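Protein chains in written order, with the entry's author numbering: chain A, 5 to 232; chain A', 5 to 232; chain A'', 5 to 232. A prime marks a further copy of an entry chain. For each residue, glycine too, the CB sits at the ideal point set by N, CA and C.
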Amino acid sequence: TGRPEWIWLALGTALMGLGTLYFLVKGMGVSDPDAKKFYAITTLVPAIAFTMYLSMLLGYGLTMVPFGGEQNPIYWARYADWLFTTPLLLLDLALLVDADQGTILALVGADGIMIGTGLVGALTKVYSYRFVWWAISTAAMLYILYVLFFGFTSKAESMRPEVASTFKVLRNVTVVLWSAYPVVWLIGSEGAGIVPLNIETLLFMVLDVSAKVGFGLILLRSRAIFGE
Amino acid sequence: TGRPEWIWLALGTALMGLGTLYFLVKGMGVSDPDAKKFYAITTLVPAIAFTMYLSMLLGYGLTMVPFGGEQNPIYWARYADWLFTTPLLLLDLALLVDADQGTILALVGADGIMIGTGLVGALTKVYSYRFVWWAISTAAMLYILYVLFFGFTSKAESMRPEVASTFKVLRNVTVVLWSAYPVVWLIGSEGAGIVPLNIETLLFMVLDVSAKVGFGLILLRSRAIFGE
Amino acid sequence: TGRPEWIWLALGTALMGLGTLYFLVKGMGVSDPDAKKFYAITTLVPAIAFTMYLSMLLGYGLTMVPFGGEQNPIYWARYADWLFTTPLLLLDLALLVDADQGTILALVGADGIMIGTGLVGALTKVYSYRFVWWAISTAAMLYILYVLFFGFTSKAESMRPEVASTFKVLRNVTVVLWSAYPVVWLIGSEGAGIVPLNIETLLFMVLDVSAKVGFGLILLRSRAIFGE
Ligand SMILES: CC(C)CCC[C@H](C)CCC[C@H](C)CCC[C@@H](C)CCO[C@H](C)COCC[C@@H](C)CCC[C@@H](C)CCC[C@@H](C)CCCC(C)C
Ligand SMILES: CC(C)CCC[C@H](C)CCC[C@H](C)CCC[C@@H](C)CCO[C@H](C)COCC[C@@H](C)CCC[C@@H](C)CCC[C@@H](C)CCCC(C)C
Ligand SMILES: CC(C)CCC[C@H](C)CCC[C@H](C)CCC[C@@H](C)CCO[C@H](C)COCC[C@@H](C)CCC[C@@H](C)CCC[C@@H](C)CCCC(C)C
Ligand SMILES: CC(C)CCC[C@H](C)CCC[C@H](C)CCC[C@H](C)CCOC[C@@H](C)OCC[C@@H](C)CCC[C@@H](C)CCC[C@@H](C)CCCC(C)C
Ligand SMILES: CC(C)CCC[C@H](C)CCC[C@H](C)CCC[C@H](C)CCOC[C@@H](C)OCC[C@@H](C)CCC[C@@H](C)CCC[C@@H](C)CCCC(C)C
Ligand SMILES: CC(C)CCC[C@H](C)CCC[C@H](C)CCC[C@H](C)CCOC[C@@H](C)OCC[C@@H](C)CCC[C@@H](C)CCC[C@@H](C)CCCC(C)C
Ligand SMILES: CC(C)CCC[C@H](C)CCC[C@H](C)CCC[C@H](C)CCOC[C@@H](C)OCC[C@@H](C)CCC[C@@H](C)CCC[C@@H](C)CCCC(C)C
Ligand SMILES: CC(C)CCC[C@H](C)CCC[C@H](C)CCC[C@H](C)CCOC[C@@H](C)OCC[C@@H](C)CCC[C@@H](C)CCC[C@@H](C)CCCC(C)C
Ligand SMILES: CC(C)CCC[C@H](C)CCC[C@H](C)CCC[C@H](C)CCOC[C@@H](C)OCC[C@@H](C)CCC[C@@H](C)CCC[C@@H](C)CCCC(C)C
Ligand SMILES: CC(C)CCC[C@H](C)CCC[C@H](C)CCC[C@H](C)CCOC[C@H](C)OCC[C@@H](C)CCC[C@@H](C)CCC[C@@H](C)CCCC(C)C
Ligand SMILES: CC(C)CCC[C@H](C)CCC[C@H](C)CCC[C@H](C)CCOC[C@H](C)OCC[C@@H](C)CCC[C@@H](C)CCC[C@@H](C)CCCC(C)C
Ligand SMILES: CC(C)CCC[C@H](C)CCC[C@H](C)CCC[C@H](C)CCOC[C@H](C)OCC[C@@H](C)CCC[C@@H](C)CCC[C@@H](C)CCCC(C)C
Ligand SMILES: *C/C=C(C)/C=C/C=C(C)/C=C/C1=C(C)CCCC1(C)C
Ligand SMILES: *C/C=C(C)/C=C/C=C(C)/C=C/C1=C(C)CCCC1(C)C
Ligand SMILES: *C/C=C(C)/C=C/C=C(C)/C=C/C1=C(C)CCCC1(C)C
C-alpha cells in the first residue's frame, strides 16, 4: 500500500517541480513565436506531473481495487497525469517535424485510447480482463510508435537538418522510454504482481522524470526550436 | 441488469472493431493531407466506441443508479464514448463544408452540453429530475441540428458540388439517427422504462453502428474528402 | 448542507440561463467570422454555468467530504463548470489581442492546473493538505494574471485602439473578479470555514454572474469584436 514507496513519490514530486521551475525560468529569455510554443508545451508537462506526483505522495491519487480476491492499492493519479502529458509530449514531436493536422489528431486520439484503456485495466475487478485492456492499450502504443517512424521521421528528413537530428534523438528517447511502461505495468501491482508496488513506483518515477524532464532538457537546449 | 443484453454488446464490440480495422487499412492507401484528416477523424470514432462497448460487455461500464425507489442498471460508458465521438463526427461534417472556427466551437460546445447533461440525467437519483436533464440535452441537440441546416448546408452549396452532395447525405443521416437517441433514452431504462434494457441496448447498438461505421463508409468512399 | 443556499443557486441558475439566451438571440444578428467566434465562446460560458448551477440546485453537484473530523458539504460541480468556462474566458481575451498559440496553450494549461488542483483541494480528507493545494492553485492563478499583464497588455497596445481599450477593461475585470475566488474558498466551507456555506454560495454566485454575464455584456457590446 501507500508507505514504502513514499520516498520515490517524494523524489518524483521534487524532480518534477524543479524541472518545471527550470523550464519556466529558462523560457523567460525567449520571445520567438515558435520557440514560445515549445517552452509552453514542455513546461506544462512536468508541471502537471508535479501535481499528480504530489497527489500520490499525499494519498489522494491512491485507491483500492478488488481483484485476484485481494484488495490491491492502485495509484490512479498516474493516468490523470498521462492523459494530458503524453499527448503534449507527442505535440512537441509533431510541432518539431511540422506534422499535418491529420497526423496530430491520429496521434492524440491513439494516445487517448492508450491511457484510457490503461486506466480501465488498472481499475478492472476481474483479473484476466485487466490484461485484455493492457493488450488494447499496448496496440495503441504500437500505433503511436509506428506513426513516429513511418509518418514522422520520413518528413523530418525533408526539413532542416537541425530539426531532423533533434527529432531523431527525441524520437529514439520516446520509443525506448514509452515501451518500458507496459512492461512495468505488466510485472507490477497493476498486472501479474511479480514486482512489488515499492519497486513499481521507483521504476515509473525514473521513467517519468526521464521522459519529461530529460526529454525537455534535450528539446529546450536545441536550436531546432527556433526558425533561424 | 447486465446479462440478456450481452449479445448486443458483443455484436456492437465486434462491429466497431471490424469497422475500425477496415478504416485503418483503407486509409493506408492515402497520402493527401485533407484526405488524411477525414481518415484520422473517422477511424478514431469506431475505435473509441469499440473500447466502450467492450467495457460494457465486460461489466466495467455498468453501474447501479437508485431512483423510482429501485436499483436501476445504467451503462455510463456510453456517455464516455459519445463525449468524444459525437464531436468528432461533427468535426467531419464541419471540415467537409470548411466551417469557420466560430461555428465549430459552437457545435462542439453544444455537443459537450448535450452529452454532459445526458450523463447527469442518467445518474440522477430523483426520477422527475432525470427528464429535466433530458429536456436540456434535447435542446442542445436541436441547436446542433439547427446549425447543420441553417449554418452549414447554406455554405456547402457555396462549395464544390461533390462536397455539397456528400455533406447533404451525411447531414441527413446524422439528423435522422441522432434524433432517435433521445427517444430511445426516454422510453428505455434511463427514462420511463417502457422498453427493457435488453431492447434499449439493441436499439443503441443499431444506431451507434449506423452513425459511426455506416456514416464513415459513406464519407470515406466519397471523392469529397480529396481536394482534387 | 444543501438547503439555506438554495436561493442563491436558483438565482444563479436563472441569471446564467437568461444570460445565455440573451447572448444567443443577440448573436443572431451577426455574420462576421471573427465576431462569430466571440459570440460562440461567450455564449457557451453561461450555458455551461447554467447546467452546473442547476446541478447544484437539484443536489446532484453536491457531495460530502470528511475532514476536520467532520462531514463537510462540498459542491464539486463548480469545478466541472470552471474547468471549461475559465479557459473559454481566457480564449476570449487571447483572441481579442490575437495572442500566439504558445501563449494560449500556456494560459489554458495553467488554468487547467488551477482548477484541477482546486478540485483536489476541495476533496482532500486531510485538513492541512487542503491548503497546500490551495497554494498551488493560487500560484497557477498568479501565473495567468502575470501573462495577462506582461504577455498580453503589451501586445494589445500594438493592435487597434478599440481592441486595446476593450481588452484593458476586460483584463481589469478579470483580474479583480478572479482574485476574489481564492479568498472566498479560503474563508468558506472548503477552507477554514469562517464563512458559512450559505454566504459562500452567495459570494460565488455574485462573482460567477459578473465574471460570465457581466464580462460577456462588455465584450459583446464592443466594436472590438469586429475587424472593421
Ligand atoms: C513559479 C510558479 C509556481 C508561478 C509563476 C507565477 C509568478 C507570478 C511568476 C511569473 C513569471 C514566470 C515564471 C515567467 C515565465 C513565463 C513567461 C516567459 C510567459 C510570458 O508570456 C508568453 C509570451 C507566453 O508564452 C510562452 C510561455 C512559456 C515561456 C512558459 C510555459 C509555461 C506554461 C505551460 C504554463 C505553466 C503554468 C505554471 C507556471 C502554473 C503554476 C504551476 C502550478 C503547478 C501551480
Ligand atoms: C491494428 C491496431 C489495433 C494497431 C495498429 C498498430 C500497428 C503497429 C500497425 C500500424 C499500421 C497501421 C494500421 C496503418 C494505418 C495508419 C497510417 C496510414 C498512418 C500514417 O501516418 C499518417 C500520415 C497519419 O495521418 C493519418 C491517419 C489515418 C490514415 C488513420 C486514422 C487512425 C487514427 C484516428 C488513430 C487510430 C488509433 C488506433 C489505430 C489505435 C489502436 C486501437 C486501439 C483501440 C487499441
Ligand atoms: C434556446 C436553446 C436552449 C436551444 C436553441 C436551439 C433552437 C432550435 C433555436 C435555434 C436558433 C438559435 C438560438 C440561433 C443562435 C445561434 C446561431 C446564430 C448560430 C448560426 O450559425 C453560426 C454561423 C455559428 O457560429 C456562431 C455561433 C454563435 C452566434 C452562438 C454561440 C452559441 C454556442 C456557443 C452554442 C451554445 C449551445 C446552446 C445554444 C445549446 C443549448 C443550451 C443547452 C445548455 C441546453
Ligand atoms: C510546477 C511548480 C509548482 C513547481 C514548483 C514546485 C516547488 C515549489 C519547487 C520544487 C521543490 C520540490 C517540489 C521539493 C518538495 C518535495 C518534498 C521534499 C516531498 C516530501 O515531503 C514530505 C516528507 C518529508 O514527509 C513528511 C511527512 C508528511 C506527512 C508531511 C506533509 C508534507 C507535504 C504537505 C509537502 C508537500 C509540498 C511540496 C510538494 C511543495 C508545495 C508547492 C507550493 C507551490 C505550494
Ligand atoms: C481527438 C479527440 C476526439 C480525443 C480522442 C479521444 C480520447 C482523447 C481518448 C479516447 C477515450 C478513452 C479511450 C475512453 C476511456 C474513458 C473511461 C472509460 C472513463 C472512466 O471512467 C471513470 C471510472 C473511474 O470509472 C469508474 C467506475 C465506477 C465505479 C464509478 C461510478 C461513477 C460513474 C457513473 C461516473 C463516470 C463519469 C464519466 C465516465 C463520464 C465521461 C468520462 C470522461 C473522462 C470521458
Ligand atoms: C480498434 C481496434 C482495437 C479494432 C480491432 C478489434 C479486434 C482485434 C478485431 C475485430 C473483432 C471483434 C472485436 C470481435 C470480438 C468480439 C467478441 C466476439 C465479443 C464476445 O465475446 C465474449 C463471449 C463469447 O462471451 C464469452 C464469455 C466471457 C465471460 C469471456 C470473456 C471474453 C472477452 C475477454 C473477449 C473480449 C476481447 C475482444 C473484444 C478483442 C480484444 C482486442 C485485442 C486488440 C486485445
Ligand atoms: C468548447 C470547449 C470549451 C468545451 C465545451 C464544454 C464541454 C465540452 C461541455 C460542457 C460541460 C458539461 C455540460 C458538464 C457536465 C459534466 C458533469 C456534470 C460532471 C460529471 O461528474 C461526474 C459524476 C459521475 O458525478 C458523480 C457524482 C458523485 C456521486 C461522485 C463523487 C466524486 C466527485 C466529487 C468527483 C467529480 C470530479 C469531476 C466532476 C471534476 C470535473 C468533471 C469533468 C468531467 C469536467
Ligand atoms: C442555456 C439555456 C438552456 C438557457 C435557457 C434557460 C431557461 C430555459 C431560461 C432562463 C430562465 C431561468 C433558468 C429561470 C429558472 C430557474 C428557477 C427559478 C430555479 C428555481 O426553481 C426551483 C424552486 C422554486 O424550488 C422549488 C422546489 C423544487 C424541489 C422543484 C424543482 C424545480 C426544478 C426542476 C426547476 C429547474 C428547471 C429550470 C432550471 C429550467 C429548465 C430548462 C429547460 C430548457 C429544460
Ligand atoms: C494544454 C493541455 C495539454 C491541457 C492542460 C492540462 C489540463 C487542462 C490541466 C492539468 C490537469 C490537472 C491539474 C489534473 C487534475 C485532475 C484530477 C487530479 C483528477 C480527479 O479525479 C477525480 C476525483 C474525483 O478523484 C476522486 C478520488 C476517488 C475517491 C474516486 C475513485 C475513482 C477513480 C479511481 C477514478 C478516477 C478517474 C480519473 C481520475 C481518470 C483521469 C481524470 C481526468 C479528469 C484527467
Ligand atoms: C535525469 C534528467 C531527467 C534530468 C533531471 C533534472 C532535475 C529534475 C532537475 C532539473 C533542473 C536542474 C538544475 C538541471 C538543469 C541543468 C542542465 C541544463 C542539465 C543538463 O543536461 C543537459 C542534457 C543535454 O540533457 C540531457 C540529460 C539526459 C540524462 C537526459 C536523457 C533522458 C533519458 C533518455 C535517460 C535514460 C533514463 C535514465 C534515468 C537511466 C536509466 C538506466 C537503466 C539501465 C535502468
Ligand atoms: C451497416 C453499416 C453500419 C456497415 C457495417 C459494417 C461492419 C461494422 C463491418 C465493417 C467492415 C466491412 C468489411 C464492410 C466494408 C465493405 C464495404 C466498402 C461496405 C459497403 O458499403 C458501402 C456504403 C456506400 O455504405 C453505406 C452503407 C449503409 C447501409 C450505411 C447507412 C447507415 C444508416 C443511415 C443505415 C440506417 C440504419 C439501419 C441499421 C436500418 C434500421 C432500420 C429501422 C427501420 C429500424
Ligand atoms: C450584473 C451583470 C452580470 C448582468 C446580469 C444580467 C442578467 C444575468 C440577465 C441578462 C439579460 C438581460 C436582459 C440584460 C441585457 C441587457 C443589457 C444590454 C445590459 C446592459 O449592460 C451593459 C453593460 C455595458 O454591461 C456591463 C454591466 C456591468 C454591471 C458588468 C460588470 C461586471 C462586474 C465587473 C461587476 C462587479 C460585480 C458586482 C456584482 C458588484 C459587487 C459589489 C461588491 C462591493 C461586493
Ligand atoms: C510522463 C509520462 C509518459 C511519457 C508516460 C507514458 C506512458 C505510456 C507509454 C503508457 C502505456 C501503457 C500501456 C502500453 C499498456 C498498459 C497501460 C499503460 C498505461 C501503462
Ligand atoms: C456514436 C454515437 C452517436 C452519433 C451518438 C449520439 C447521441 C445523441 C444525439 C444523444 C442524445 C441525447 C439526448 C438528446 C437527450 C437524452 C440524453 C442523450 C445522451 C441520449
Ligand atoms: C465563471 C467562473 C470564473 C471566472 C471562475 C474563476 C475561478 C478562479 C480564478 C478560481 C480559483 C481558485 C484558486 C486560485 C485557489 C483555490 C481553488 C479555486 C478553484 C477557488
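Check	Outcome
Spatially closest choice to residue 296(A) from 192(A), 45(A) and 108(A), by CA coordinates	The structure shown does not extend to residue 296(A), since chain A is modelled only from 5 to 232, so the question has no answer here.
Distance CB(residue 110(A))-CB(residue 44(A')) smaller than 7 Å	yes
Beta strand (DSSP E) segment containing residue 69(A''), residue limits	66-71
Three-state class that DSSP yields for residue 77(A) in the structure shown	strand
contact_flag[the stretch 173-187 of chain A', the stretch 142-160 of chain A'] where n(CB pairs < 8 Å) is 3 or more	yes
Validate contact between the stretch 88-98 of chain A'' and the stretch 7-24 of chain A using beta carbons, cut 8 Å, 3 pairs	no
Residue 171(A) Cβ short of 6 Å to ligand 8 heavy atom set	no
Heavy atom of ligand 11 within 6 Å of residue 201(A'') beta-carbon	no
Stretch pair the stretch 117-131 of chain A'' + the stretch 63-81 of chain A'': three plus CB contacts closer than 8 Å	yes
C-beta atoms of residue 46(A'') and residue 220(A'') nearer than 7 Å	yes
Assigned secondary structure, residue 63(A'') (DSSP; H/G/I helix, E/B strand, else coil)	coil
Interface flag, residue 59(A') vs chain A, CB-CB below 7 Å	yes
Chain-order list of residues whose beta-carbon lies under 7 Å from that of residue 49(A'') (same chain, five-residue window excluded)	89, 92, 93, 216 and 220
Residue 118(A'') in three-state terms, based on DSSP	helix
The stretch 125-142 of chain A' contacting the stretch 54-63 of chain A'', beta-carbon criterion three pairs below 8 Å	yes
Neighbour-count burial assignment, residue 142(A), 16 or more Cβ in a 10 Å radius	buried
Inter-residue spacing [alpha-carbon to alpha-carbon] between residue 209(A') and residue 195(A')	18 Å
CB contact flag (residue 99(A), residue 167(A), <7 Å)	no
Selection from 161(A''), 76(A'') and 204(A'') that minimises the alpha carbon distance to residue 10(A'')	204(A'')
Cβ-based contacts, 7 Å cut-off: residues of the stretch 45-79 of chain A near chain A''	45, 48, 51, 52, 55, 59, 62 and 64
Local Cβ density within 10 Å of residue 175(A''), reported as buried at 16 or more and exposed below that	buried
Enclosing alpha helix (DSSP H) for residue 145(A) [first to last residue]	131-154
Rounded straight-line distance, which links the Cα of residue 232(A'') to that of residue 227(A)	40 Å
Collapsed DSSP secondary structure at residue 230(A) in the structure displayed	coil
Straight-line Cα distance separating residue 117(A'') from residue 14(A)	19 Å
Buried versus exposed, by CB contacts within 10 Å (16 or more), residue 139(A'')	exposed
DSSP-derived helix/strand/coil call for residue 103(A)	coil
7 Å Cβ cut-off: residues of chain A' touching residue 104(A)	37 and 40
Residue 202(A) and residue 70(A) closer than 7 Å at C-beta	no
Residue 36(A) - DSSP class collapsed to helix/strand/coil	coil
Sequence-distant residues of its chain with Cβ nearer than 6 Å to residue 39(A) (five each side left out)	229 and 230
C-beta atoms of residue 188(A'') and residue 207(A'') nearer than 7 Å	yes
Three-way DSSP call (helix, strand, coil) for residue 11(A) in this model	helix
Residue 165(A'') versus residue 42(A''): straight-line alpha-carbon distance, rounded	18 Å
From 29(A), 171(A), 179(A) and 5(A), residue whose alpha carbon lies closest to that of residue 67(A)	5(A)
Three-way DSSP call (helix, strand, coil) for residue 169(A) in this model	helix
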